[PDB]
Amino acid sequence: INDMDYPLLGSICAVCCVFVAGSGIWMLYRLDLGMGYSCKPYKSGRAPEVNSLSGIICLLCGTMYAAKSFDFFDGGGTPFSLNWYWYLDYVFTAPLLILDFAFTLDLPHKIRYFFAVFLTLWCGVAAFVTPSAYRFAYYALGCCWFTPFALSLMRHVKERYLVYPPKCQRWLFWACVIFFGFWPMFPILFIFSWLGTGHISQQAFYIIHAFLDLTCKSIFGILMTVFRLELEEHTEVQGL
Amino acid sequence: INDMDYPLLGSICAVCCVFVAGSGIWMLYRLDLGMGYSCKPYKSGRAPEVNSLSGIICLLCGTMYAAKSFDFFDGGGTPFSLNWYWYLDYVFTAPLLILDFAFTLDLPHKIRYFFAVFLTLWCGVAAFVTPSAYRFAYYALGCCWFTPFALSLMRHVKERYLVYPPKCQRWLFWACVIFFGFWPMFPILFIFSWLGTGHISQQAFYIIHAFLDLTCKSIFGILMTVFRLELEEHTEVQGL
Amino acid sequence: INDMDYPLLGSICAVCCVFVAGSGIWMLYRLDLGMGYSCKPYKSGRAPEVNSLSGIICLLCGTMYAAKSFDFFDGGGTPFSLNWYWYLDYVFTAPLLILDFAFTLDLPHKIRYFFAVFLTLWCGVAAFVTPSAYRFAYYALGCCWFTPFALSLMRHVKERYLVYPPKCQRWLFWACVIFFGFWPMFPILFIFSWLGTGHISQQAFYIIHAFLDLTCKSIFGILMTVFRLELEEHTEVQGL
Ligand SMILES: CCCCCCCC/C=C/CCCCCCCC(=O)OC[C@H](COP(=O)(O)OCCN)OC(=O)CCCCCCC/C=C/CCCCCCCC
Ligand SMILES: CCCCCCCC/C=C/CCCCCCCC(=O)OC[C@H](COP(=O)(O)OCCN)OC(=O)CCCCCCC/C=C/CCCCCCCC
Ligand SMILES: CCCCCCCC/C=C/CCCCCCCC(=O)OC[C@H](COP(=O)(O)OCCN)OC(=O)CCCCCCC/C=C/CCCCCCCC
Ligand SMILES: CCCCCCCC/C=C\CCCCCCCC(=O)OC[C@H](COP(=O)(O)OCCN)OC(=O)CCCCCCC/C=C/CCCCCCCC
Ligand SMILES: CCCCCCCC/C=C\CCCCCCCC(=O)OC[C@H](COP(=O)(O)OCCN)OC(=O)CCCCCCC/C=C/CCCCCCCC
Ligand SMILES: CCCCCCCC/C=C\CCCCCCCC(=O)OC[C@H](COP(=O)(O)OCCN)OC(=O)CCCCCCC/C=C/CCCCCCCC
Ligand SMILES: CCCCCCCC/C=C\CCCCCCCC(=O)O[C@H](COC(=O)CCCCCCC/C=C/CCCCCCCC)COP(=O)(O)OCCN
Ligand SMILES: CCCCCCCC/C=C\CCCCCCCC(=O)O[C@H](COC(=O)CCCCCCC/C=C/CCCCCCCC)COP(=O)(O)OCCN
Ligand SMILES: CCCCCCCC/C=C\CCCCCCCC(=O)O[C@H](COC(=O)CCCCCCC/C=C/CCCCCCCC)COP(=O)(O)OCCN
Ligand SMILES: CC(C)CCC[C@@H](C)[C@H]1CC[C@H]2[C@@H]3CC=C4C[C@@H](O)CC[C@]4(C)[C@H]3CC[C@]12C
Ligand SMILES: CC(C)CCC[C@@H](C)[C@H]1CC[C@H]2[C@@H]3CC=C4C[C@@H](O)CC[C@]4(C)[C@H]3CC[C@]12C
Ligand SMILES: CC(C)CCC[C@@H](C)[C@H]1CC[C@H]2[C@@H]3CC=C4C[C@@H](O)CC[C@]4(C)[C@H]3CC[C@]12C
Ligand SMILES: CC(C)CCC[C@@H](C)[C@H]1CC[C@H]2[C@@H]3CC=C4C[C@@H](O)CC[C@]4(C)[C@H]3CC[C@]12C
Ligand SMILES: *C\C=C(C)/C=C/C=C(C)/C=C/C1=C(C)CCCC1(C)C
Ligand SMILES: *C\C=C(C)/C=C/C=C(C)/C=C/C1=C(C)CCCC1(C)C
Ligand SMILES: *C\C=C(C)/C=C/C=C(C)/C=C/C1=C(C)CCCC1(C)C
Numbered sequence: 001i002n003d004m005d006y007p008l009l010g011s012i013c014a015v016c017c018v019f020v021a022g023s024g025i026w027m028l029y030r031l032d033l034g035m036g037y038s039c040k041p042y043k044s045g046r047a048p049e050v051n052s053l054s055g056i057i058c059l060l061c062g063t064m065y066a067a068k069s070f071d072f073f074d075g076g077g078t079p080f081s082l083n084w085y086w087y088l089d090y091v092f093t094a095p096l097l098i099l100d101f102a103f104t105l106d107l108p109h110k111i112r113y114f115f116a117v118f119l120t121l122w123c124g125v126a127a128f129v130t131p132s133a134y135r136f137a138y139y140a141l142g143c144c145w146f147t148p149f150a151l152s153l154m155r156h157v158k159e160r161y162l163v164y165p166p167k168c169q170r171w172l173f174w175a176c177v178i179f180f181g182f183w184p185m186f187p188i189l190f191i192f193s194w195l196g197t198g199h200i201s202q203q204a205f206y207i208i209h210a211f212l213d214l215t216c217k218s219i220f221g222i223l224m225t226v227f228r229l230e231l232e233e234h235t236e237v238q239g240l
Numbered sequence: 241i242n243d244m245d246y247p248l249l250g251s252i253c254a255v256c257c258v259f260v261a262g263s264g265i266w267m268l269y270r271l272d273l274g275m276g277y278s279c280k281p282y283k284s285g286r287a288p289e290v291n292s293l294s295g296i297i298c299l300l301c302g303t304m305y306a307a308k309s310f311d312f313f314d315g316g317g318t319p320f321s322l323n324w325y326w327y328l329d330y331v332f333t334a335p336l337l338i339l340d341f342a343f344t345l346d347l348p349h350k351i352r353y354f355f356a357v358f359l360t361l362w363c364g365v366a367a368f369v370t371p372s373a374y375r376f377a378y379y380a381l382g383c384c385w386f387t388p389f390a391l392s393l394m395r396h397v398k399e400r401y402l403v404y405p406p407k408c409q410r411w412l413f414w415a416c417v418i419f420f421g422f423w424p425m426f427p428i429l430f431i432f433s434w435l436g437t438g439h440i441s442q443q444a445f446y447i448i449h450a451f452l453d454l455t456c457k458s459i460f461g462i463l464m465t466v467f468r469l470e471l472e473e474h475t476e477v478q479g480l
Numbered sequence: 481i482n483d484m485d486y487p488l489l490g491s492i493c494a495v496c497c498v499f500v501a502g503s504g505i506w507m508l509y510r511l512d513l514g515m516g517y518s519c520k521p522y523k524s525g526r527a528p529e530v531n532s533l534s535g536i537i538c539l540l541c542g543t544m545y546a547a548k549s550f551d552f553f554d555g556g557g558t559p560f561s562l563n564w565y566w567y568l569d570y571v572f573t574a575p576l577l578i579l580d581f582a583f584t585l586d587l588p589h590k591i592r593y594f595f596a597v598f599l600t601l602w603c604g605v606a607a608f609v610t611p612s613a614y615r616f617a618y619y620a621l622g623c624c625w626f627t628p629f630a631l632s633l634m635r636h637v638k639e640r641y642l643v644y645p646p647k648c649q650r651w652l653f654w655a656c657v658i659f660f661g662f663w664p665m666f667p668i669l670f671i672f673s674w675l676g677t678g679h680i681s682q683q684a685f686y687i688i689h690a691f692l693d694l695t696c697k698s699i700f701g702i703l704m705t706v707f708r709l710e711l712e713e714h715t716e717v718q719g720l
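Sequences listed follow chains A, B and C, in order. Following my numbering from start to finish, the first sequence increments by one per residue and tops out at 240. Following my numbering from start to finish, the second sequence increments by one per residue and tops out at 480. Following my numbering from start to finish, the third sequence increments by one per residue and tops out at 720.
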């Protein structure tokens, strides 16, 4: 029912729009001046193309949040909503999150990891738009995709977590908290939302989701950016 | 008219959902233990990223079939149908089929081959949704894309079919049967369906399409997987 | 209001459909016989995959124009329109234009350049479909994406424009005219169209847009093709 407090939801989106986008602008700025903390200039003179994927998602996420605010500030139900169809944008950003994570730590099966998340969210898009007993079938189909994705990722992360120096592991550990602790929270709120159990309020739903993306995009991007700065500093200017 | 036997169509989709997805899980499992039949471990320890594209399409095709079943099992006309708009999913899998085929045999013009199929199907999506005299114009526009695509592919396949050892050529020949014998059957059923001639029944349409994807995705994926196993066995452990 | 002269608009689209597609077929034909004007055969025997991106866009643009004509020739409002939602196709071709430009001149930040244009147009798609005070917010959000994109591109182009020989610079200069002189004309007509100021007539809108794509796709593709022919001729057969 169209009775939730959109001005609030819009404001929330606008506030996190600046934070996520601003973090993206910072990490893009921090990328193109130094390999590490000593600001080592790239010998060729061009930062690796895959490195920028962390900043772009935040700007990609920040650009979407601006849209969401515009949807909320206009009273909802806009022709270009990005909120009526849920996880619709996630389809474009979440598969990119694992792509840079796989690129940052050289995790194998990158195309499998992309299509694991890509197929995971399209079930969530299908689950939302289908009010019926088969909504959870898509959820089950979606969870049939994420569960083998969350697994083997923990195995892959663990196999290389022990290779990094202790300085670099602290940021990776905090990336794993964001990664293996909060990504499983999207399916959990799907069960408890008005779609299933009914705990999460229709309005509340957006606000907690607004406050997780910061952790999943921006803060995850910051931890990835700081982790890469530590990684290159230990390997390039030190040769260790 | 909504009077076809969806439970049947759904069951068909569900049965081939397990077969296509199960074949994809097998070929992904068969990929990451051996270069060839001797199960030669990859020297770096990570199977090539382009190799997995054969398995992923089946899981990508199997995930879609589950959706189609859910559309049929719910009586049709679901908000997330994947059946109301035809060839809509093909847009995501058929361009990937030629991408791995081009990658498997090192065929040139891979981006031209991707956009040949990608533009071929978007005319089929447009042809379906347009009941008018211009449906066949999109079909003609689509066939104006596939016909120069089917050609030059036969020339490209032939130029390298004679380089492979006789053991590897048997699977490639059976890939070509699936490739140059069944892909031209999608346009043929478009003419004869209720859209054009009227031979193929609305219901029958789905069942024959359900039974070709197995050949085009799963069986094609199996033949591609077996062909790659023969190819690497002759080249890696034998050096011939 | 559905009272504009579609037969005209359709004819315009059909005439430029042949010109853009025909130019694409020429530059694809011109690509696969010679590195330069001396028709130097590629030593491996396969033109670089990124080189063909100039031809494909024209065929991608020509295929869309055929569709637009079919939409116009059928009276408008077709189920597969490509005209009802504006810049919707641009989302697929404009990000590819900058991708080959970045590839042709080895410009850095290619993924940033792709997502700059990709996010720029999705605001234009959102701006059109949203009749409200927030249409210009998407326009402002879109211009908040293009303005930092148009800039740094001029800096990047200038940094390498002085390295090319004078023969190659003439085509690049004429690419820059098409690039930095006409791309900023799409936002300008958005302001003055019936959406904003009201200068550009609903009908006129399509005809000037039809006549810019030729410059942005086809003629830009020709200038890119001629520029690459000059570039390789000076570097490959001359070694200068
Ligand atoms: C801005 C940066 C974005 C970057 C990346 C974007 C990629 C993601 C693409 C997002 C797709 C957006 C689709 C959203 C559709 C929303 C439909 C909607 O809101 O419907 C509800 C609403 C009913 O509400 P009210 O009438 O208020 O009811 C109360 C009674 N007074 O219905 C409408 O407003 C009618 C909707 C008009 C048509 C919708 C047009 C959607 C825009 C099309 C462009 C997107 C292209 C998608 C590609 C496929 C082509 C369909
Ligand atoms: C699950 C794994 C999938 C993996 C990859 C997915 C990529 C492919 C994307 C598929 C897009 C799906 C679109 C399907 C739309 C179906 C529309 C439909 O069925 O309409 C008919 C039906 C009429 O039938 P009944 O009312 O039964 O008539 C009988 C009278 N009692 O109409 C409806 O049900 C209304 C439809 C509700 C809105 C449709 C919402 C579609 C879902 C949107 C998510 C997809 C995003 C697409 C991106 C662009 C944004 C539009
Ligand atoms: C051909 C080569 C193309 C290559 C690349 C293609 C990629 C770009 C994808 C383009 C998406 C096309 C969407 C266009 C939707 C147009 C809607 C439209 O015209 O509505 C207006 C019109 C009202 O006009 P009239 O009734 O004449 O009014 C006057 C009163 N007598 O409404 C209709 O006709 C109803 C529309 C029927 C349903 C629309 C179906 C759109 C086709 C779906 C396939 C596209 C898939 C998109 C993916 C997401 C799934 C939605
Ligand atoms: C929540 C709101 C929505 C969120 C996003 C809104 C827009 C965000 C702002 C722009 C995002 C990034 C633009 C992407 C295209 C530009 C490519 C790019 O950034 O390249 C990096 C390039 C630097 O590369 P170096 O390595 O020094 O080059 C030497 C070659 N080795 O970046 C730059 O040039 C700096 C940024 C552009 C310079 C132009 C300065 C003037 C810009 C006008 C401001 C317009 C308002 C936008 C506000 C934020 C802008 C930072
Ligand atoms: C028709 C229904 C829909 C069809 C599809 C439904 C889901 C299909 C099942 C999962 C598909 C693939 C998941 C993609 C993300 C995982 C990435 C992946 O497979 O990586 C391969 C990786 C092996 O790599 P190696 O080379 O040994 O690693 C060492 C590094 N050199 O695979 C694995 O780890 C095996 C699969 C995951 C292990 C976790 C085991 C427990 C999984 C719980 C089962 C959940 C139900 C799903 C059923 C099928 C699962 C196989
Ligand atoms: C405005 C209307 C819509 C616009 C577009 C309509 C369709 C455009 C015509 C086809 C576009 C391109 C097709 C893409 C898939 C083909 C791949 C391709 O072109 O590969 C190049 C390959 C040449 O490669 P080389 O380097 O010689 O190979 C040796 C290996 N080193 O091209 C060819 O083989 C030439 C073109 C195909 C040959 C088949 C000839 C017979 C074709 C029947 C004509 C059908 C009508 C289409 C009209 C235009 C066709 C040119
Ligand atoms: C539970 C409370 C949650 C609060 C939300 C978080 C707010 C943002 C603050 C940062 C969160 C993530 C930080 C991750 C840890 C990195 C911090 C850090 O110390 O980084 C340094 C250096 O790296 C950095 O600079 C990273 C921190 C920079 C973060 C900048 C904040 C994000 C950018 C937003 C600016 C624009 C926002 C617009 C205004 C908001 C309007 C609402 C790494 O080295 P140290 O361990 O200090 O060792 C010292 C010797 N090397
Ligand atoms: C006209 C009847 C069509 C019947 C449909 C086909 C059913 C599937 C059977 C396989 C079809 C394709 C097989 C292609 C040929 C490869 C078979 C083969 O022999 O492979 C071997 C080895 O490779 C293989 O193992 C490939 C065959 C494995 C196929 C496994 C079947 C697909 C996986 C599905 C399992 C899960 C399905 C769920 C249950 C179904 C519920 C409906 C290659 O070497 P050989 O020539 O034997 O030489 C011996 C010395 N090297
Ligand atoms: C303001 C008037 C605008 C008119 C529209 C333009 C019409 C198209 C004409 C070409 C426009 C762009 C040309 C760019 C400059 C390149 C021309 C040129 O000279 O190229 C040569 C060689 O390269 C070429 O051949 C490029 C020109 C080829 C252009 C072919 C025209 C496009 C193909 C369309 C054919 C099919 C169209 C269907 C019919 C139309 C139905 C409506 C480069 O060397 P030169 O400087 O001559 O030095 C000589 C010693 N090397
Ligand atoms: C409470 C919520 C936020 C998080 C719940 C998940 C936490 C408990 C998970 C997320 C990521 C996980 C870490 C991921 C990787 C490793 C490296 C391994 O060699 C030891 C365990 C360790 C350190 C894990 C401990 C458990 C961990 C921290
Ligand atoms: C009857 C249906 C299923 C298939 C119709 C197409 C068949 C006849 C086509 C598909 C692929 C084709 C093969 C593709 C490649 C070659 C290699 C060439 O050096 C000799 C011909 C040969 C061996 C072709 C023979 C004809 C062939 C088998
Ligand atoms: C463009 C070149 C490669 C030819 C490929 C397009 C051919 C195969 C297409 C173009 C126009 C098409 C025809 C257009 C209209 C109809 C009417 C319909 O009720 C039966 C099929 C039929 C008769 C089509 C058959 C296929 C056809 C002839
Ligand atoms: C009048 C319309 C069509 C075009 C307006 C933009 C024109 C004036 C712009 C577009 C591209 C620009 C050129 C781009 C690159 C360079 C190289 C630099 O080292 C000197 C300036 C020069 C040569 C620019 C001059 C101005 C220029 C030609
Ligand atoms: C913003 C970034 C991320 C990674 C968001 C991720 C969301 C998921 C991984 C959600 C998964 C879902 C599943 C498994 C089933 C129901 C639908 C969801 C999309 C919520
Ligand atoms: C599932 C995999 C494949 C390769 C399916 C392929 C389908 C085509 C190549 C279909 C082509 C069509 C044409 C040329 C014209 C009418 C519309 C079709 C999509 C049926
Ligand atoms: C056909 C190729 C090109 C490059 C067309 C490009 C169009 C743009 C770069 C348009 C930009 C817009 C902006 C910045 C804001 C309003 C919406 C537009 C899409 C017109």
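For every residue, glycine included, the Cβ atom is placed at its ideal position computed from N, Cα and C.
In the three-state DSSP reduction, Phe659 (chain C) falls in the helix class (H, G or I).
By the Cβ-count criterion, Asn531 (chain C) is buried, with 16 or more other Cβ atoms from all chains shown falling within 10 Å of its own Cβ.
Comparing alpha-carbon positions, the option among B:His474, B:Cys383, B:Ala307, B:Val255 lying closest to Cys144 (chain A) turns out to be B:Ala307. Note that the C-beta distance between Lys520 (chain C) and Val717 (chain C) is below 7 Å. With fewer than 16 other Cβ atoms inside 10 Å of its own Cβ, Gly678 (chain C) counts as exposed.
Proximity of the beta carbon of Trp174 (chain A) to ligand 14 is not indicated: no heavy atom of the ligand is located closer than 6 Å.
In chain C, no part has a C-beta under 8 Å from the C-beta of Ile12 (chain A); the shortest such distance is about 17 Å. In this structure the stretch 262 to 278 of chain B does not lie against the stretch 326 to 343 of chain B, because fewer than three pairs of beta carbons, one per stretch, are closer than 8 Å. In this structure, the beta-carbon distance from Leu709 (chain C) to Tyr517 (chain C) falls below 7 Å. Per DSSP, the continuous alpha helix (DSSP H) segment holding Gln443 (chain B) begins and ends at 442 to 453.
In this structure, the CA atom of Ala287 (chain B) is about 42 Å from the CA atom of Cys13 (chain A). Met394 (chain B) is classed as exposed because its beta carbon has fewer than 16 other beta carbons within 10 Å across all chains shown.
Around the beta carbon of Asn482 (chain C), fewer than 16 other beta carbons lie within 10 angstroms, which makes this residue exposed. If you compare the alpha carbons of B:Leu391, B:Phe313, B:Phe420 with that of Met244 (chain B), the shortest gap goes to B:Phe313. In terms of side-chain proximity, the C-beta atom of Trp663 (chain C) is found nearer than 6 Å to a non-hydrogen atom of ligand 16. Bounds of the alpha helix (DSSP H) holding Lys68 (chain A) are 53 to 73.
The DSSP assignment places complete alpha helix (DSSP H) segments of no fewer than 4 residues inside the stretch 588 to 651 of chain C at 590 to 608, 615 to 630, 633 to 641, in order along the chain. Using a Cβ-Cβ cut-off of 7 Å, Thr370 (chain B) counts as an interface residue toward chain C, since at least one Cβ of chain C sits closer than that to its own. Sorting B:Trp411, B:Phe310, B:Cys363, B:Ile428 by C-alpha distance to the C-alpha of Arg135 (chain A) places B:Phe310 at the top.
The stretch 605 to 613 of chain C and the stretch 643 to 657 of chain C do not touch, with fewer than three beta-carbon pairs separated by less than 8 Å. Around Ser433 (chain B), the same chain offers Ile440, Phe445 as residues with beta carbons nearer than 7 Å, after the five sequence neighbours per side are excluded.
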